[PDB]
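Worksheet: the structure to be examined is printed underneath.
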Amino acid sequence: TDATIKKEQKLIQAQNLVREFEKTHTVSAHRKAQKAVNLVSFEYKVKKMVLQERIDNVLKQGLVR
Amino acid sequence: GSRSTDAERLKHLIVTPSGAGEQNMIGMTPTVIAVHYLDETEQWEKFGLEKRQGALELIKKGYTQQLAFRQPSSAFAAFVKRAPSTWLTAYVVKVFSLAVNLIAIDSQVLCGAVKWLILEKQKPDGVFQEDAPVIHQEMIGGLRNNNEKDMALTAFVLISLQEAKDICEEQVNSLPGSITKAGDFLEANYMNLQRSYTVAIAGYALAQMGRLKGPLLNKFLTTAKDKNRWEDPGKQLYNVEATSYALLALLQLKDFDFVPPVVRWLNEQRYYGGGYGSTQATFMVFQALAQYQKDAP
């Protein structure tokens, strides 16, 4: 069940970095947030989609450096 | 550091993927790696930040089209009823692993392929076997050679497994032991190697697991010609590919004393990828140089 903690942490990491992509719109941040999201377990299949969808949206807005 | 390879030399790498199971990956390779390389060396402002989104769409498009070739087993082949290729399934693993930074990539797709290779295609001694060679033999680079095939292929598949490890750790239980059994086979046979290409590729595989040392490291390093390249009589392209694997191994070793003549030889090849038969050289040279630009003091 350290494996519950891992999965829980991947989720926070992804939440945190996606929130931060939304803040800077950089290629650097995009890369962090996209990997983080792809790392989240199908266990959270739902919040994974919402974060991915959130990423795609920052991409629609456009990147800046 | 050395100067980054100029973005302008890379424009032609932004390519539509088309064709079937294999050729869709031939199309996906250059754009995947060109975005990887440009992102790392930060050339997007001075080249076209907005062309990046266009490349991202093309990559998304290759990924998507590639899923139309995913078999029930999680393996890949040119066509859904073709017997699945060990090399191709491992190569899709390699490319998608690098694309996790770029687009939505489904773990179950990627780890599913990983799991299938381990479960279906690994021998008890740790060798990986190809039971259904790809149609596009020009796309497998220096593996097309017939000698030292179990070592070249095993190192190739092992490299994919090592690049999928972070992504697949929690869902593929078999992965760490599969990595070790493959390492074991490579280590036991490394000293008998004759081909520079196999030495470079198995050397990168071994180094990633800290197994390239002692007499094996000495073998690796002294196979270089003039301390700057790994080459065999054959096509130049296999040598740019082998030298790029060897540079990744050096980087893994943090042997930054050996690195700069190897980077200078590659840069002086003016090899900008793309074209018939270029898949492995294109992916590997830009993976290697991006790693170099990321790592080297």
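Excluded from the calculations below are hydrogen atoms, water molecules and symmetry mates; all remaining heavy atoms, backbone and side chain alike, are included. Residue numbers start from 1 in every chain, and the chains themselves are labelled A, B, ... in the order their sequence lines are given, proteins ahead of strands.
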Judged by atom type as modelled, is there a donor-acceptor pair below 3.5 Å linking the side chain of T282(B) to the main-chain atoms of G273(B)? no
Residues, nucleotides or ligands: over 12 heavy atoms within 6.0 Å of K115(B) NZ: yes
Mark yes or no for whether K219(B), through its side chain, and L193(B), through its backbone, hold a donor-acceptor pair below 3.5 Å. yes
CG of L251(B) to CD of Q287(B), rounded to nearest 0.5 Å, is 10.5 Å
Does the side-chain contact (heavy atoms from CB on, under 4.5 Å) test come out yes or no for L248(B) and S244(B), once each step is laid out? CA-CA 6 Å; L248(B) 286 160; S244(B) 302; 5.7 Å; no
A side-chain contact here means heavy atoms from C-beta on lying under 4.5 Å apart; do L289(B) and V285(B) qualify? yes
Per side-chain contact (heavy atoms from CB on, under 4.5 Å), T5(B) is matched among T41(B), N267(B), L38(B) by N267(B)
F256(B) CZ: over 12 foreign heavy atoms closer than 6.0 Å: yes
Should the pair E40(B)-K294(B) be classified as a salt bridge under the 4.0 Å nitrogen-to-oxygen rule? no
Stepwise, does the side-chain hydrogen bond (donor to acceptor under 3.5 Å, both in side chains) test hold for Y204(B) with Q252(B)? CA-CA 8 Å; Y204(B) 174 41; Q252(B) 196 70 32; 5.0 Å; no
For the backbone of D232(B) and the side chain of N239(B), can you confirm whether one donor and one acceptor N or O come within less than 3.5 Å of each other? yes
Answer yes or no: are there more than 12 heavy-atom neighbours, outside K10(A) itself, under 6.0 Å from its atom NZ? yes
Does any part of the side chain of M25(B), heavy atoms only, come nearer than 4.5 Å to the side chain of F96(B), both counted from C-beta? yes
Nearest heavy-atom neighbours spanning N38(A) and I103(B): ND2-O, 2.9 Å
Counting distance only, does the side-chain N/O of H36(B) pair as donor-acceptor with the main-chain N or O of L98(B) below 3.5 Å? no
Between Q65(B) and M28(B), is there a side-chain heavy-atom distance shorter than 4.5 Å? no
Hey, mind stepping through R52(B) and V27(A) against side-chain contact (heavy atoms from CB on, under 4.5 Å) and telling me if it holds? CA-CA 9 Å; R52(B) 195 181 173 265; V27(A) 161; 3.4 Å; yes
Charged N to carboxylate O below 4.0 Å: is that the case for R211(B) and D184(B)? yes
Are more than 12 heavy atoms, taken from residues, nucleotides or ligands other than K225(B), located less than 6.0 Å from that residue's NZ atom? no
Do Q52(A) and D56(A) pass the side-chain hydrogen bond (donor to acceptor under 3.5 Å, both in side chains) test, and can you show the C-alpha distance, the side-chain angles, and the key distance before you say yes or no? CA-CA 6 Å; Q52(A) 183 56 49; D56(A) 300 326; 3.1 Å; yes
Qualifying residues under side-chain hydrogen bond (donor to acceptor under 3.5 Å, both in side chains), relative to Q293(B), sequence neighbours excluded: none
Do the side chains of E22(A) and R54(A) get close enough for a salt bridge, i.e. N-O under 4.0 angstrom? yes
Decide if the gap between the ring center of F156(B) and the ring center of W87(B) is smaller than 6.0 angstrom. yes
Salt bridge present between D39(B) and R31(A) (N-O < 4.0 angstrom): yes
If we ignore hydrogens and angles and just use 3.5 Å, is the side chain of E22(B) paired with the main-chain N or O of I135(B) as donor and acceptor? yes
Least distance between heavy atoms, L221(B) atom then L250(B) atom: CD2-CD2, 3.7 Å
Please evaluate residues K181(B) and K123(B) with respect to the criterion side-chain contact (heavy atoms from CB on, under 4.5 Å), reporting the C-alpha separation (whole Å), side-chain torsions for both, the decisive distance (0.1 Å), and the verdict. CA-CA 9 Å; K181(B) 263 295 170 162; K123(B) 293 234 319 325; over 6 Å; no
Considering residues, nucleotides and ligands other than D257(B), do more than 12 of their heavy atoms fall under 6.0 Å from its CG? no
Would you say the side chains of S85(B) and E130(B) form a donor-acceptor pair under 3.5 Å? yes
Can you list the steps and then say if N16(A) with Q13(A) is a side-chain hydrogen bond (donor to acceptor under 3.5 Å, both in side chains)? CA-CA 5 Å; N16(A) 280 109; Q13(A) 272 287 323; over 6 Å; no
Is the ring pair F283(B)/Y91(B) parallel, tilted or perpendicular, if the boundaries are 30 and 60 degrees? perpendicular
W230(B)-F220(B) aromatic ring centre distance below 6.0 Å: yes
So, does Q194(B) use its side chain to make a donor-acceptor pair with the main chain of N192(B) at under 3.5 Å? yes
Run the salt bridge (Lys or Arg N to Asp or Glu O under 4.0 Å) test against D2(A) and tell me which residues pass, sequence neighbours left out. none
Kindly say whether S2(B) contributes a backbone atom to a donor-acceptor pair with the side chain of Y292(B) at under 3.5 angstrom? yes
Is the side chain of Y63(B) donor-acceptor paired with the backbone N or O of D106(B) at a distance under 3.5 Å, no angle test? yes
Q280(B) side chain vs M139(B) backbone, donor-acceptor pair below 3.5 Å: yes
Closest approach of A68(B) to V80(B) (non-hydrogen atoms, all atoms of both residues): O-CG1, 3.3 Å
Can a side-chain donor-acceptor contact be found between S178(B) and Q122(B) if the only test is distance below 3.5 angstrom? yes
Can you tell me how far apart CD (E57(B)) and OG1 (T31(B)) are? Round to the nearest 0.5 Å. 12.5 Å
More than 12 heavy atoms from other groups under 6.0 Å of NZ on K60(B): no
Where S278(B) and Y271(B) come nearest, the two heavy atoms and their spacing: CB-OH, 3.2 Å
Kindly give the heavy-atom pair with the smallest separation between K121(B) and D131(B), and that separation in Å. NZ-OD2, 2.5 Å
One pair to check against side-chain hydrogen bond (donor to acceptor under 3.5 Å, both in side chains): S97(B) and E163(B). What are the steps and the verdict? CA-CA 6 Å; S97(B) 283; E163(B) 304 178 331; over 6 Å; no
Is there side-chain contact between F21(A) and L63(A), with at least one heavy-atom pair below 4.5 Å? yes
Taking all non-hydrogen atoms of both residues, which atom of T223(B) and which atom of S196(B) are closest, and how far apart? CG2-OG, 3.1 Å
Under a 3.5 Å distance rule, please check whether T180(B) uses its side chain to pair with a backbone N or O of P176(B) as donor and acceptor. yes
Looking at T86(B), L88(B), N24(B), which hits side-chain contact (heavy atoms from CB on, under 4.5 Å) with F76(B)? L88(B)
Between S174(B) and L119(B), is a side-chain contact (heavy atoms from CB on, under 4.5 Å) present by the stated rule, with each step listed? CA-CA 8 Å; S174(B) 49; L119(B) 266 68; 3.9 Å; yes
Any heavy-atom pair between the side chains of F47(B) and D6(B) that's under 4.5 Å? no
Can you check salt bridge (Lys or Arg N to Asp or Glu O under 4.0 Å) on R195(B) and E148(B), steps first, answer last? CA-CA 8 Å; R195(B) 286 205 73 258; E148(B) 288 179 357; 5.7 Å; no
Compute whether any side-chain donor of one residue and acceptor of the other, for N147(B) and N145(B), lie under 3.5 angstrom apart. yes
